[PDB]
4 protein chains.
Amino acid sequence: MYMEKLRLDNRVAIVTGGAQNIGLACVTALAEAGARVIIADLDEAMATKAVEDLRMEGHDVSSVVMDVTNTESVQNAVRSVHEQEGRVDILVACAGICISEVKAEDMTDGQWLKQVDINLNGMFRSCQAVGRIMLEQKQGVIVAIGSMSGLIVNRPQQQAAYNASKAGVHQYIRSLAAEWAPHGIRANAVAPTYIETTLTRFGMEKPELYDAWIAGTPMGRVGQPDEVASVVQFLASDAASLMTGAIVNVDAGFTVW
Amino acid sequence: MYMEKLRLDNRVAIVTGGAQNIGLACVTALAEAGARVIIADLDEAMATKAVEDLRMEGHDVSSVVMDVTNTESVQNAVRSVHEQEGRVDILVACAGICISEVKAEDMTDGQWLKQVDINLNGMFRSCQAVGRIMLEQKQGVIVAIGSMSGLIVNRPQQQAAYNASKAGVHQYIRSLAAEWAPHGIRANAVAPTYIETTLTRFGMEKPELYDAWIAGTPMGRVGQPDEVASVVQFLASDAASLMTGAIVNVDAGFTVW
Amino acid sequence: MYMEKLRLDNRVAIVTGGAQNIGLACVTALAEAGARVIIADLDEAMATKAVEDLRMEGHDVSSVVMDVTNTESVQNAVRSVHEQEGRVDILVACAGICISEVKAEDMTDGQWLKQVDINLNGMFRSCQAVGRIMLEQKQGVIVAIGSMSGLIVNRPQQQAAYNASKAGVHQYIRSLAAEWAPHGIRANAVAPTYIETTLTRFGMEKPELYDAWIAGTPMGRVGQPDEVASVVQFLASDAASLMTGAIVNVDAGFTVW
Amino acid sequence: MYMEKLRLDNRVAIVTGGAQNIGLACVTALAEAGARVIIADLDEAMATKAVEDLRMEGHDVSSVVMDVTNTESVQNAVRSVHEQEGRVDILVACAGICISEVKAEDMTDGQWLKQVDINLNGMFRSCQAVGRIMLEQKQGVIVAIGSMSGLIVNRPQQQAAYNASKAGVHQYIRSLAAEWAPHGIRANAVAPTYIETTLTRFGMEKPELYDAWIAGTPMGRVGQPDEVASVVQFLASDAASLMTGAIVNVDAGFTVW
Ligand SMILES: [Mg+2]
Ligand SMILES: [Mg+2]
């Protein structure tokens, strides 16, 4: 019973931002659990390459181009997955950016709007498009990649738009959880600490940043993408049947202090 | 000494959305505490009427036209206040809208983006413009009107964009609190329950909505604008000297259950 | 109207732990707002000196001996105040201790139990005894001194029993808020950061502790007792009429990071 | 890789309150993941029955008498497991009681103190005794059974001591997470909604209670023990390697409204 609940055999999953980093780890975890996974990403090349690596390991993985700033792109990408796969059982929404080391008094409208558009408006576009399909199935699960930045404020790097966008993502996901609970849908978010990715490594290589991050973390380390993916895979599975609207802290204790 | 900490004599306060409802109650409380208050609102006629009423009560109140969806408008209005008054000591940010009874699957891009733009992007525009002056002064206080909707999901009315945008406001304010703490600035938010205003008439006059609201509230009532204004005035005052980044629940116990 | 809401003229307030530090600041603030205040404290000589000092300033104050580890003591002290003054309008519950720099693997039963008994069990004894009178009145307000330690875990000093006891206090107060809301009673807590007091001054003179506390605080300072007393006085007043079950953060931004 | 992270083969787990209901479900989940499990419970005959049933399925399960109000009992039971098994890898702390429908103004000292003693003091006793072994090992994981009652206040049933005790449990576990993170130990809690058990059956058959619980739940149902056990098993596993100090909501959306 209990180990079987963790399986995702034959379930169709779309992972936005799935071509690299946390997204790619989530793709890999879902695929290992038996899911049919579609990488939805802005980079057509990256996605196609990732698909090859994963098929190489025997995974049922495909790709579609998606731009989360563009409603038409998102809806076209979701429709074509629905077309080819017949169903969408799982959405993992990882698409996001972080514009950091930009003081609140300095940030431009363009920086503000871009940050909110990708992280928060993109979450709306993604979840709405997939949600409509899940509603007709009366079955589905969404996992969003939130951030501890939605709950606490990072130091010393300034990024108020990021922090606000992720708090928005958390409460948006909770709203969906409430609205869609009677219709067989669950929606949760993970809120990770710093994860070593191609992008955060620039922060990691700057001692003023990295030393503060480590000093502020009880476990004394950043996380790795597979550690976020394991939680995401769990939340996507029937093992998590009683969980909806949860902001799950995956942060090495950062928010405890 | 304790009672004198509550006074705001000669302090310059800008209240966005100050022409009616919670905004106007905040303007009144600030003025009664001794502040020189500027109503910053979209509706010039409504603002001018409010100014006339308050001036007849012996208060020092004026108004300025401000559209929080427009950066130029916000920057010009804030500069005008600074030029005419000499300082900006306090910002109370009330400007906001709520598009409700719109299901998450049905909400248009237009509805989502308008709510995020006024509630959240408007908060950035207003706090940055005022914040720059406060940073120069190495002194200032911001109070945002957040919402219990930033932490819990209202029922039965669907309003996922509102809920997300207000969670965004809370965490934005907290980011400003952290960034600006060393510079003599405090920033807090109030998170109220339902308040009787023109904007909640549609719910209060609809039994399916109102009865649910009351049943969900330990005090068994909605709040009045003056009850929010009292907390806002407190948070704007030196009595709240140790409070920054606080999301202050003003909700008749609604979030307790 | 707004400034009048802050007054407590002729209201009867009991302050447990009121003889020094945060308790005494709360006593002072309440007295300055017009309340008749009873210091309820274990140390008779200390309470008596405090009463005599405040009386010299024109305040209406008195004291009663109360041991919050002892139910008979608490009940007798509260009954005595009720008979002597005719009513109990306000309870501010400050009595507490902090056993710190004791690792979780080392803490004895005696150390654990004493901390829980004073901080949490003593909160139940105090609140029940006053609460019964407030229920008869259909009117009352409780303010507990909680702690940021109920929400986050202090560093580097170990004090898991204190942290647990204060989280217990916060949720106990919220429980009372919910149960007693229909009967004209409000109950809230403050959650302060480090406050300079006779007790914490030892930690403040220990760089390993003090430097960590300052480094973790956005305002870069500890608080002063009067800054907590201001928030407590506000929460005890009709100005806070819409607030019940609130855990009000008074922490110089400590919990924001 | 991802599926192997969920395995607990040959790891030693003690489950307090493990003979029935949630505890028994946790025992079963751990055993199905390959753990060596010891039921630690108040009554010997009840635990023995469970052992016999699980051994019939080929599981490696045993039991020990443990009374969590009694330090000697707890220390002796933990020592017995250590001497028989050579290590303790996992503690799931489920021992607890709920005295409910007792108004705050009515609750006796005996009722308050017993609830705090079993739920909170017993958590300290259990966690210290096991924690000492885990510190020697520089390896261990604790999962406490908290409650949504630590975060929100149940209705209509009055149970302030239970609510307080569980908030205490949450913050005690977070304190252990912070203190023991550098030493290879993780500590998290689950915060469930109503779970159908032999004890909650009586409430579920009282319409005044059950109808309110259902109406308060987005999923419109209570949970089953296996749904809590699945989350506990995940948290105990290396798949949860990045999670410590998390209060994980498993509440069918109850705390979202
Ligand atoms: Mg922190
Ligand atoms: Mg609720």
Side-chain angles (χ1 to χ4, degrees), chain B residues 217-221 227 230 250 252-253 256, chain C residues 5-18 23 26-27 29-31 33-40 60 62 64 66 68 74-95 122-146 169-170 172-190 229 231-248, chain D residues 103-107 153 158 160 164:
Chain B
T217 304
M219 291 187 178
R221 63 178 184 91
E227 302 187 277
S230 278
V250 189
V256 176
Chain C
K5 287 186 191 181
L6 298 150
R7 292 296 303 173
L8 300 175
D9 295 279
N10 293 140
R11 302 182 186 195
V12 176
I14 297 175
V15 184
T16 73
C26 292
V27 172
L30 293 168
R36 297 182 247 177
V37 187
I38 298 91
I39 293 171
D60 183 327
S62 59
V64 61
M66 177 191 291
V68 300
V74 174
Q75 288 172 342
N76 284 341
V78 171
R79 184 183 317 111
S80 184
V81 167
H82 189 209
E83 296 175 358
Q84 280 167 23
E85 306 289 334
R87 274 197 145 247
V88 185
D89 297 296
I90 299 158
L91 168 66
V92 182
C94 310
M123 188 67 53
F124 157 77
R125 295 183 179 97
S126 298
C127 289
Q128 188 180 71
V130 173
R132 291 168 164 183
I133 295 161
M134 288 175 167
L135 287 170
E136 301 178 338
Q137 294 168 353
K138 300 298 174 81
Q139 187 178 49
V141 61
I142 294 166
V143 190
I145 308 308
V169 165
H170 296 176
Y172 176 58
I173 290 291
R174 287 163 58 80
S175 300
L176 300 184
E179 294 194 35
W180 294 347
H183 308 300
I185 297 165
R186 297 185 296 103
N188 299 282
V190 294
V231 183
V232 168
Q233 189 280 323
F234 176 79
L235 292 172
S237 79
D238 298 349
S241 60
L242 194 59
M243 299 183 66
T244 199
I247 306 307
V248 180
Chain D
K103 291 183 186 180
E105 66 268 31
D106 291 340
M107 186 167 287
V153 177
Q158 306 90 342

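We name chains A, B, ... by the order of the sequence lines, and we start the count at 1 in each one. Both backbone and side-chain heavy atoms feed into the values below; hydrogens, waters and symmetry mates do not.
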request  = Could you go through the side chain to side chain contact (heavy atoms under 4.5 Å, CB included) check for B:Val256 and C:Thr244 one step at a time?
outcome  = CA-CA 9 Å; B:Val256 176; C:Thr244 199; 5.7 Å; no
Is there a donor-acceptor pair under 3.5 Å between the side chain of [X] and the backbone N or O of [Y]?
X	Y	answer
C:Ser126	C:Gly122	yes
C:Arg11	C:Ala236	no
C:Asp238	C:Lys5	no
C:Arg36	C:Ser62	no

message = Is it true that C:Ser237 and C:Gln233 share a donor-acceptor pair across their side chains at a distance under 3.5 Å?
response =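 No.
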Are [X] and [Y] packed together at the side-chain level, in the sense that at least one heavy-atom pair is separated by less than 4.5 angstrom?
X	Y	answer
C:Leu242	B:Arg221	yes
C:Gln139	C:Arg87	yes
C:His82	C:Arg132	no
C:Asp89	C:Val141	no
C:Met66	C:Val78	yes
C:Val81	C:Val12	yes

Please give me the minimum heavy-atom distance between [X] and [Y], naming the atom from each residue.
X	Y	value
C:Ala246	C:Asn188	N-OD1, 2.9 Å
C:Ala239	B:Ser230	O-CB, 3.2 Å
C:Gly23	C:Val15	O-CG1, 3.7 Å
D:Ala104	C:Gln128	O-NE2, 2.9 Å
C:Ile145	C:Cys94	CG1-SG, 3.4 Å
C:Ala13	C:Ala35	CB-CB, 4.5 Å

To the nearest 0.5 Å, how far apart are [atom1] in [X] and [atom2] in [Y]?
X	Y	atom1	atom2	result
D:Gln158	D:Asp106	CD	CG	8.5 Å
B:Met219	C:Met243	CE	CE	9.5 Å
C:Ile185	C:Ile142	CD1	CD1	6.5 Å

ask   = Taking C:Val64 as the fixed residue, which of C:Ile14, C:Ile39, C:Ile38 is the one that meets the side chain to side chain contact (heavy atoms under 4.5 Å, CB included) rule?
value =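 Exactly one pass, corresponding to C:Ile38.
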key: Option passing side chain to side chain contact (heavy atoms under 4.5 Å, CB included) with C:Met123 (candidates C:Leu176, C:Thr16, C:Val169)   =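 So, applying the side chain to side chain contact (heavy atoms under 4.5 Å, CB included) to C:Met123 and each of C:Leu176, C:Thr16, C:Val169, only C:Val169 qualifies.
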ask   = Does anything in residues 172-181 of chain C pair up under side-chain hydrogen bond (donor to acceptor under 3.5 Å, both in side chains), and if so which pairs, sequence neighbours excluded?
value = C:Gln171-C:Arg174, C:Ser175-D:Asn163, C:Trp180-D:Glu105
